[PDB]
Every structure is written in structure tokens, then in C-alpha cells.
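Data first, discussion second: the structure below is written as C-alpha cells.
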Ligand code: SF4
Ligand code: SF4
Ligand code: SF4
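Chains as they are written, first to last, in our numbering: chain Y, 49 to 127; chain U, 89 to 206; chain L, 12 to 380; chain A, 8 to 95; chain V, 21 to 163; chain P, 35 to 359.
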């Protein structure tokens with residue numbers, strides 16, 4: 049909970065301290081998705097039984113789609 | 089007893105150091121390796137199944153893709169085990185169908201973005 | 012994007028420094044350059060053992076074309092048993108060259124077993140190379156065949172052919188070997204004639220100096236027409252593999268006379284063959300020693316007698332001013348036609364495809380120069 | 008005090024880890040439809056990896072809804088190869 | 021010291037496991053092909069050192085040598101590791117004289133054992149290999 | 035915990051020795067097919083070849099003249115860890131190796147992705163020069179067949195259920211190997227030679243553009259052979275499962291209770307060794323009788339034919355299980 053929140057914070061600050069990079073922002077967005085999941089999974093175990101862990105897998109699929117989509121976008125760019 | 093298991097809060101001490109290392113790292117090559125290490129730190133925190141679920145997809149595919157794009161595109165600048173399937177396949181079956189739909193776009197999107205076919 | 016295809020060891024040993032400008036995802040822009048590697052200075056007899064060192068494998072067949080070229084310039088060349096020891100041995104050294112070429116292709120194209128199976132059979136042919144020689148001379152041959160030459164051919168003739176069908180059955184009946192060789196090889200026939208190709212390098216599509224206008228004793232022995240369907244590397248290999256069986260079917264149909272007959276060449280001059288009675292027949296010693304010291308003179312005139320060897324068109328341009336040794340000697344070899352045909356043919360394939368081209372094209376560093 | 012200890016195979020690895028250019032022309036490529044194969048691995052790997060929990064949770068559910076997901080993904084591999092192929 | 025054996029234990033393992041590089045140039049290359057075939061399949065086994073030559077320690081110069089091939093042979097020895105040994109196979113490398121072909125490979129790379137012949141037989145190169153194996157064992161004495 | 039520290043050591047010693055010895059075994063078996071002979075001079079029996087090759091490279095020299103000379107040495111270490119950590123989850127009986135983890139199957143899949151990750155760090159060092167784009171072709175070939183193994187994994191779990199490797203072996207007791215999957219067994223063997231480095235597919239990754247860590251790369255390579263070979267065994271072949279129905283008859287004749295005479299743990303291991311050694315042997319004559327593929331022909335064989343084929347197999351596997359249940 050406190051771990052995932054701090055990961056989200058540092059990544060959001062690191063995003064707004066990009067230094068033009070572009071590639072750094074993609075890494076940062078992925079770690080923000082990881083940060084949200086860890087606090088949700090902690091809540092899922094705190095509450096008990098599958099409900100939150102279900103939405104955690106949903107974020108994992110959407111993040112994987114987000115990464116595959118954003119990386120293909122870089123390929124469309126830099127011709 | 090088990091002082092190292094109680095002091096296993098070291099995950100937050102390691103994550104703050106790892107994330108500050110992804111920003112500080114010159115060249116993306118080191119930053120992606122540190123993203124893998126940060127995801128491995130988060131996997132070690134999921135021991136405190138999702139660890140192996142993360143290593144297989146986030147480190148296994150996402151991170152592999154993140155390294156595959158930088159090496160090629162020059163760019164640069166300085167009773168059952170947790171189940172889940174019981175709800176997603178029965179109750180949230182509408183979301184299961186839409187997750188296949190979000191996966192249609194996942195492969196069809198790049199096909200209409202980087203093609204140039206005759 | 013540009014790369015230099017192996018500074019050494021490209022396919023088997025090569026040496027060739029092929030500057031292949033490998034454009035985006037391998038499309039090939041060929042720039043070979045290479046062509047790396049006395050015949051005038053040395054006498055007519057001295058030039059012959061120095062000549063065979065071009066194509067190392069088919070060295071005996073490499074000797075044959077130069078021996079015939081000196082024969083045409085001399086205008087004196089009629090052996091009988093000394094002519095029988097040319098068609099037999101010429102179709103024995105043909106097995107040797109075709110082995111190295113097919114094996115060098117298979118070495119890089121995965122299959123390492125036919126590569127070693129090739130060199131294994133070669134050791135049985137080494138007895139036919141060491142016991143007889145230690146070979147092909149303009150005035151016949153270096154020396155006479157031993158008693159254990161014709162008496163024991165069946166030990167090779169029957170044991171080989173079945174082993175030929177072990178290498179063939181491992182390559183022709185495939186998917187991996189078949190799909191690649193069928194696609195590669197840009198034998199455009201007319202442009203391939205314009206590029207000056209020869210032997211299994213030009214008769215793959217279905218187009219021969221070995222037949223029609225044949226060189227010494229090859230005229231009488233039977234030779235079958237190698238078909239060849241398409242103009243690709245698979246048909247090229249099939250032709251070489253058909254030539255393998257052709258090189259064996261001849262030996263049994265050519266197994267005639269051999270012990271006791273025509274020694275080398277009959278007269279005083281052009282390599283004296285007495286051996287036993289050279290001391291009693293001493294009036295020819297002034298001739299015998301003169302061939303080694305100064306050397307016998309040849310008439311002046313431009314001559315070119317091309318002969319199709321196992322690799323392809325090996326042609327010698329022996330031109331003499333009138334002296335003992337010829338003025339200029341030119342070697343129009345198929346290994347030099349290799350680098351000449353590499354561009355346009357390989358242009359439109361991939362980098363691992365560009366290695367399998369050499370196997371069918373046949374390359375020898377020595378023969379190139 | 009610990010169970011199985013995988014680190015006892017990592018420690019000897021850490022210990023062992025501790026204990027002009029010529030011949031060719033270089034210094035100076037974009038393979039185009041090759042990055043798309045990797046870009047496609049991510050969702051295709053996700054597709055089979057997401058099936059894993061539904062595969063584990065069988066003999067409790069009705070497979071008709073379980074089959075539907077795969078049909079949608081079959082339409083995709085078809086919607087890819089028939090449209091542009093592997094790009095030779 | 022008594023345990024002088026440890027200096028030779030590495031040597032006996034070096035001479036039996038050594039990986040030679042195929043620097044096949046012309047005629048000697050295929051005599052070496054017959055060597056590396058069912059003959060030297062027991063203790064030789066080494067090849068493929070073009071990809072390197074940081075890997076493999078024994079350099080066998082087999083074949084002819086042109087005046088333009090001189091910077092290539094020099095570089096292979098330079099790209100080779102510190103425990104490097106050299107074998108000169110063939111008359112062209114040993115000493116064939118031309119204006120387009122250099123007189124000797126010794127001017128380019130210093131050779132440890134010279135193998136004569138034109139071409140040296142399967143047994144000829146194999147013996148030259150065993151002589152270099154003896155040199156690795158620290159027993160190089162004037163015969 | 036002296037009981038556990040000795041138990042791991044004897045397993046690790048035998049595994050590393052078997053991995054090293056296969057380099058001599060492959061060399062000798064390929065020699066018999068080629069009509070030649072393997073190593074003879076080395077050792078006494080000709081079996082000390084592997085150690086002599088390893089000791090030779092331990093003396094060698096440094097590769098100091100660099101492009102992150104720490105990252106270039108990181109790859110052979112990462113390939114070694116994944117190989118050895120892969121072995122801690124391959125049991126053969128009730129609990130032969132301590133990694134009797136409550137989700138054993140996924141441990142093998144989590145590692146099979148890292149063997150790809152470490153591969154693009156290898157040929158990465160020293161710029162775009164010496165084909166970095168040629169080294170990336172190998173890793174793109176790697177991910178393609180990595181999807182095939184995972185698609186076959188879920189197929190086995192679709193038939194037996196539960197993520198435990200021990201439970202997978204226990205269910206297959208009736209039919210030895212997963213019999214309604216014979217073409218899929220050959221497909222997993224074709225993907226076994228494709229995923230790891232065996233001449234068909236190793237030639238495409240190590241023979242193209244002019245092509246201490248050598249004792250590692252080859253150790254992890256040979257480890258990856260036996261790892262994926264035994265790995266194939268528990269999924270399909272069916273290790274432990276020696277004689278059927280005639281097993282209980284022989285055991286109960288002269289044993290009385292059970293005694294410290296644990297023959298159970300010996301017969302099973304001897305059967306599994308044969309299971310993987312027969313696959314290892316099959317991995318050796320494929321070096322001999324096979325030519326070579328082209329990169330574009332590799333992906334065309336996987337993504338176009340192998341992937342939609344397997345898609346159909348797992349699509350009908352629950353529908354054919356729907357009728358009989
Ligand atoms: S060579 Fe010498 S001896 Fe002989 S013929 Fe002439 S002079 Fe008489
Ligand atoms: S003549 Fe004698 S000296 Fe000359 S090469 Fe022949 S062998 Fe050597
Ligand atoms: S030495 Fe004689 S054998 Fe070797 S290449 Fe030179 S010419 Fe050939």
C-alpha cells in the first residue's frame with residue numbers, strides 16, 4: 049500500500065522531470081500501472097476473496113495493450 | 089524470531105532507490121534494466137502467484153518489447169490457488185468478452201499504423 | 012548498410028573479401044573485388060606441375076587441358092593405353108571435385124554428415140593417387156599403372172554408388188534443403204550466357220565441351236544427357252549428383268586393356284620412356300637430358316583449346332614465340348566466372364542465402380587467378 | 008533456518024563473476040515489418056497467459072463462454088495474415 | 021617446490037584440448053580438411069575461430085600467401101589471446117616465390133613449428149601438431 | 035539444517051556433471067553417424083574431454099579491449115541462474131526436488147521468458163557493428179516459439195488441471211504420456227529444438243554475419259537442452275511411470291514392509307534418465323541429418339502455420355471434454 053503509493057509518486061515526479069527523453073515516460077507510465085496494482089492487491093488480501101485481484105488482472109491486460117500500442121506508435125514515428 | 093522477515097520493509101527502501109535510479113540512469117538501456125529490477129522488487133513484495141504472473145507478462149513481454157524497440161529505433165537524447173477464473177469466466181463474462189475486444193485492437197492497431205501495403 | 016562477407020573462412024576456407032552492401036533487411040548489392048593469387052619464366056615441362064595447383068581437387072583434370080593445349084601446339088599426340096589412362100582418371104578426379112563442391116555447400120547448409128561422408132570415400136581414391144603417381148603429362152602420363160590398379164577397382168566400384176545414394180537420400184528428399192535451393196539461383200539463361208557461365212553452372216537449366224566435340228578417348232565411351240528442369244540451385248545440385256553417377260557408369264564401360272600396351276609417347280624426344288633399357292639405348296641421352304636442361308622448342312602460333320572439366324570451362328591460351336617455353340599462358344577458369352556472375356544472380360536474396368550461392372557456383376581461391 | 012535456499016547457487020555464481028582494431032570495415036538499418044512481430048508477441052502472449060486462469064478453473068464452469076474468447080482471437084490471426092502476412 | 025606438476029597439469033590439458041583455427045588459403049586447406057575429418061577427431065576438435073579469433077589459441081597457416089593478404093594474417097594474431105601458438109603448413113608459407121606472393125609468413129607472424137610439404141599429407145600435419153603439443157609441455161630441446 | 039544442505043549439493047553435483055558430460059556424448063554420437071570416432075586421447079577412457087575443455091578456457095586470456103564490460107559479463111551469469119533455478123522445480127516422484135511449490139508449472143514459464151531477456155544482452159555489446167540487428171533476429175525467433183511452449187503448457191493443464199508438476203505426472207499414470215497429443219508431442223519437440231540452441235535454429239542465431247564466458251554460455255546452453263528435455267518429459271512422455279500393472283507384482287515379492295532399501299526412488303530416476311536421454315539423443319541426430327532455415331522462413335513456419343494450428347487444438351480440447359466430461 050505505502051510501497052505502491054511511493055512508486056506512483058516517484059514515477060509521476062520522474063515523468064515531470066523527463067529531460068525530453070520520451071523513452072523514460074513509457075517506463076514511468078508502466079511503473080505507475082505497477083504502483084496502482086500493488087495497492088489494489090494489498091487491499092484485495094486485506095478484504096479477502098477474489099474481487100480486487102480480478103480488476104488487478106484487468107489492469108495487467110490493459111497495460112500490456114497500452115505498451116504494445118505506445119511502442120507501435122514510436123515505430124509509426126521516427127520514419 | 090525471524091528479524092529479517094520483519095525488516096523485509098527493505099522493499100520500500102529498495103523501490104525508492106530503484107525508481108530514483110531509473111531517472112538518474114544515462115541512456116535508456118540502463119533505465120529498462122532498472123524497470124525490470126523494480127518489477128522484480130515488486131514481485132518479491134508479492135511473496136509478502138502474482139509475482140510469477142508479473143515476471144511472465146511485465147518482465148517477460150512488456151520489458152522484452154521495451155528493450156527490443158530501443159536497440160532497433162535509434163532515437164536517443166541526454167481449495168484452488170487464488171482462481172480469479174471463477175468470476176471472470178462466469179460473473180464478469182461481459183468483461184471477458186470485452187477483454188478479447190481490447191486484444192483485437194492490440195494487434196489490429198499496429199497493423200493500421202506501420203504497414204504501407206500495396 | 013555494408014558488410015564484408017568473411018575476411019577468411021566464409022563457406023569452407025575461401026579467403027574471399029566480398030564487400031556485400033547489405034541494404035535494409037538483406038536485399039544484396041554485390042561488390043566482390045577479391046580475385047587474389049612464373050608460368051612464362053619456367054619451361055614448357057616445368058609449367059605443367061605448377062599449373063595443376065590452381066584447382067587443387069580437380070588437379071589431374073586441370074593437368075589434362077594444359078597437356079592437350081601443348082599437344083595441339085606440338086601437333087604430335089597419339090597414345091593408346093596412354094590415352095585410356097586419361098578418360099578413366101579424368102572421371103575419377105571428377106568424383107573428387109564434385110565431392111568437395113557438394114560437401115562445401117552441405118557444410119554451411121546445416122547437414123554436416125554428407126560433408127564428412129564425402130572425405131571418407133576420398134581416402135579410398137588416395138590409393139589411386141599415391142600408388143600410381145606420388146601426374147597427367149603432355150606426352151602421356153608421368154609413369155605406368157601398378158599391378159594392383161585394375162585388379163582391385165570393384166572394392167570401390169561396388170562399395171561406392173550405394174554410399175552415393177546415402178548422401179542423395181539425405182538431401183533431395185527434404186523440405187528445408189528443397190524450398191531454399193528451388194527459390195535461390197537467378198539462372199536467367201540468356202543473361203547467364205552473356206555472363207559467360209560453364210558446366211554445371213550453365214547446363215542446370217538445360218543448355219557441353221565434354222561431349223559433341225570431345226577431348227581424347229572420351230569419344231567412344233557412353234555419356235547420358237543431364238536433363239535439368241528449372242534454372243535454380245536445386246537443379247544445379249541434381250545435375251552434379253547426376254554427374255556423380257555418370258562418373259561411375261563410365262569406369263565400368265571404360266574398363267578395357269590397361270595392363271601391357273602403349274607406354275607414353277613413341278620417339279626419342281618429348282619425355283623419353285625407356286626406364287630399364289635407358290643405358291643400352293644411350294643415343295637418346297643427349298635428347299633425354301636436353302628436355303630438362305634447355306628444353307625443346309615449339310612452333311609459333313596462337314592456340315586456345317577449351318575443355319569442360321568437373322568445375323566448368325577450364326581453358327588454356329598457350330601462345331609461343333618460337334622458344335622452348337611459351338611466350339604467354341592465359342587461364343580462362345570457371346572460378347573466375349564465379350565472381351563475374353555473383354552480382355545480378357545473388358542480387359535479390361538474403362545474407363544466409365548468399366552463402367548457398369557459392370556451393371553451386373563452385374569457388375577455389377587458386378583457380379580464380 | 009531457511010527453506011531450500013536458492014541463493015546457495017547464486018553465491019558461487021557471484022564469486023565466479025568476480026574472478027588498433029583491424030580485419031574489417033565498420034563504424035558507419037530499419038527492418039520495417041519485423042518490429043511488428045515483437046509488437047504482436049505482447050498481446051498474443053497476453054492472450055494465452057490470460058487463458059491460463061480459465062484453464063485452471065475448469066470442471067466448475069460451462070465452456071461455451073470460454074470458447075467465445077478464442078473465436079475472437081482466431082478472427083484476429085486471420086485478420087492479420089490474410090491482410091499483410093509475415094512480410095518476406 | 022616438489023609440486024612442480026601443477027605447471028604441467030595445465031600443459032597436458034592444454035595440448036589435448038587446444039582449438040586450432042582453419043586459415044585455409046589453397047591446397048593445404050583441404051589436406052587440413054582431411055586431417056580435421058575422421059583423423060584429428062580425438063584431441064584436435066577445434067575450429068570456427070573466424071567469428072573470434074579471441075577464442076582458439078593455435079594458428080595454423082595452411083595454404084598460399086599473397087602480398088595483399090599480409091594485413092589480414094597480422095591482425096588474426098593481434099586479435100588472438102596471449103597463450104598463442106603458430107603452425108606454418110605448406111611451402112608457400114614456409115618459403116613458390118613470386119612478385120604477387122610474399123616470400124615468407126615469418127615476416128608477418130612469428131611461427132613456432134614449420135610443417136614442410138606441397139601439399140603435406142594427413143600424417144604430415146598431424147605429426148607437426150604433436151610436435152607443437154610437445155612444445156606446450158615445456159620440453160623444447162635441440163634434437 | 036545439515037539434512038537440506040547435503041541434499042541440494044548431491045543433486046547440483048550430478049546435474050552439472052551430466053550437463054558437462056553431454057558435450058562429450060554429443061561429440062561421440064555424431065561421430066558414429068559420420069562413420070568417425072569421438073574423443074579417445076583425453077583422460078583414459080576418453081570421458082575427460084569436457085573437463086579438459088573447461089580447464090583450457092580457465093587459463094586463456096581477458097577480453098578487456100569495451101561497451102559496458104559489466105553488461106557483457108552479466109548475460110552469461112543470467113543464462114546460468116535461469117538454467118539452475120529451472121532445475122529446482124523438476125521433481126520425479128512424491129517430492130524429489132524441494133521446489134514442490136504450490137504453483138510449479140508457472141515457475142518454468144517465468145524462467146522461459148528470462149532466457150530470452152538475457153539473449154538480447156549478449157550480442158548487444160559493441161554498437162550496431164558486428165550485427166546487433168542480427169542478434170535481435172535471434173531474440174525475435176525466441177519469443178515466437180516461447181508462445182508455442184506456453185500454448186502447449188495450457189493444453190496439458192486443460193487435460194489434467196492444477197498448476198503442480200507433481201499432480202501433472204500423477205494424472206498421466208493411466209496413459210504414460212499424454213497420448214491424445216502425439217502430433218503435439220512432435221510439435222513440442224520441434225519447438226524444443228527451436229526455442230533452445232540446436233543447429234536447426236542455432237545456425238540462424240550463431241552462423242550468419244561473419245560468425246571465461248565460453249564455459250558459461252555452453253554450460254547454460256547444454257543445461258537448457260536437458261532442462262527443456264526433462265521439462266518435455268513431465269508434460270508429455272511421463273517420467274517415473276516405468277512398468278504398468280507389472281510394477282506392484284515385482285515390488286511386493288521380497289520387501290515385506292518397505293525397509294531402508296528404497297528401490298522406488300532408484301527405478302523411477304533410471305526411467306526418467308532414459309526419457310530425457312532418448313530426447314537428448316533425438317536432439318543429436320537432428321544435428322546430423324538436417325540442413326538450415328532462413329530467418330524469414332523461421333517466422334513463416336511459426337506465426338503462419340504453427341500458431342493457428344495450435345489455436346484450433348486448444349479450441350476443440352474443451353468441446354471434446356464437454357461431451358465425455
Ligand atoms: S653431351 Fe657431352 S659427351 Fe655427350 S654427346 Fe655431347 S659431348 Fe659427347
Ligand atoms: S624437383 Fe625436387 S627440388 Fe624441385 S620440387 Fe621437385 S622435388 Fe623439390
Ligand atoms: S604449398 Fe603447395 S600445397 Fe600448399 S598451397 Fe602452396 S602450392 Fe599448394
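For each residue, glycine too, the CB sits at the ideal point set by N, CA and C.
- Note that the C-beta distance between residue 140(P) and residue 206(P) is not below 9 Å.
- Not flagged as an interface residue toward chain U: residue 95(Y), since no C-beta distance is shorter than 9 Å.
- With a threshold of 8 Å, the Cβ atom of residue 47(V) does not count as near ligand 2, since no heavy atom of the ligand is closer than that.
- Between residue 351(P) and residue 250(P), the C-beta gap is not smaller than 9 Å, which leaves the two residues out of contact.
- Going by beta carbons, residue 339(L) and residue 327(L) fall outside the 9 Å limit.
- At least one CB of chain V lies nearer than 9 Å to the CB of residue 20(L).
- For residue 159(U), at least one C-beta of chain P is nearer than 9 Å to its own C-beta.
- Within 8 Å of the C-beta of residue 296(L) there is at least one heavy atom belonging to ligand 1.
- Distance from the C-beta of residue 112(V) to the nearest heavy atom of ligand 2 is not below 8 Å.
- Taking a 10 Å sphere around the C-beta of residue 238(L), we find fewer than 16 other C-beta atoms and assign the residue as exposed.
- In this chain, the beta strand (DSSP E) harbouring residue 316(L) covers 316-319.
- Beta-bridge partners assigned by DSSP to residue 16(L): 29(L).
- In the three-state DSSP reduction, residue 43(V) falls in the strand class (E or B).
- Within the model, the alpha-carbon separation for residue 146(P) versus residue 52(P) is close to 21 Å.
- Nearest CB-CB separation between residue 39(A) and chain P: not below the 9 Å threshold.
- Against chain A, the CB of residue 348(P) has a partner CB under 9 Å away; the residue lies at that interface.
- Between residue 148(U) and chain P, the shortest Cβ-Cβ separation is below 9 Å.
- Buried is the label assigned to residue 112(V), since at least 16 other Cβ atoms lie within 10 Å of its Cβ.
- Within the region 139-165 of chain P, the residues whose Cβ lies closer than 9 Å to some Cβ of chain U are 140, 141, 143, 144, 145, 146, 147, 148, 150, 151, 154, 155, 158 and 162, listed in chain order.
- Assigned with DSSP and collapsed to three states, residue 200(P) falls in helix.
- Ranked by Cα distance from residue 50(L), the first of 38(L), 65(L) and 42(L) is 65(L).
- Any Cβ of chain A closer than 9 Å to the Cβ of residue 269(P) would place that residue at the interface, and such an atom is absent.
- Contacts with chain A at 9 Å (Cβ-Cβ) do not include residue 129(P).
- Contact annotation, residue 197(U) with residue 108(Y): C-beta distance approximately 19 Å; criterion of less than 8 Å not satisfied.
- A straight line joining the alpha-carbon of residue 81(L) with that of residue 299(L) spans about 19 Å.
- Judged by DSSP in its simplified three-state form, residue 313(L) adopts strand.
- Neighbourhood of residue 133(U) in chain Y, by CB distance below 8 Å: 51 and 86, in chain order.
- Only residues of its own chain outside the window of five on either side were considered, and among them 31, 353, 354, 357 and 358 have a CB closer than 7 Å to the CB of residue 41(L), listed in chain order.
- Taking the Cβ of residue 83(V) as the reference point, at least one heavy atom of ligand 3 falls within a distance shorter than 8 Å.
- Collapsing the DSSP output to three states places residue 340(L) in a strand.
- Within the chosen limit of 8 Å, ligand 2 does not reach the beta carbon of residue 48(P) with any heavy atom.
- The beta carbon of residue 149(P) is closer than 7 Å to those of 113, 116 and 258 in its chain, skipping five residues each way along the sequence.
- The shortest C-alpha to C-alpha distance from residue 106(Y) to any of 66(A), 64(A), 29(A) and 60(A) is the one to 60(A).
- As computed with DSSP, residue 106(V) is found in a beta bridge with 79(V).
- Rounded to whole angstroms, residue 238(P) and residue 66(V) show a C-alpha spacing of 21 Å.
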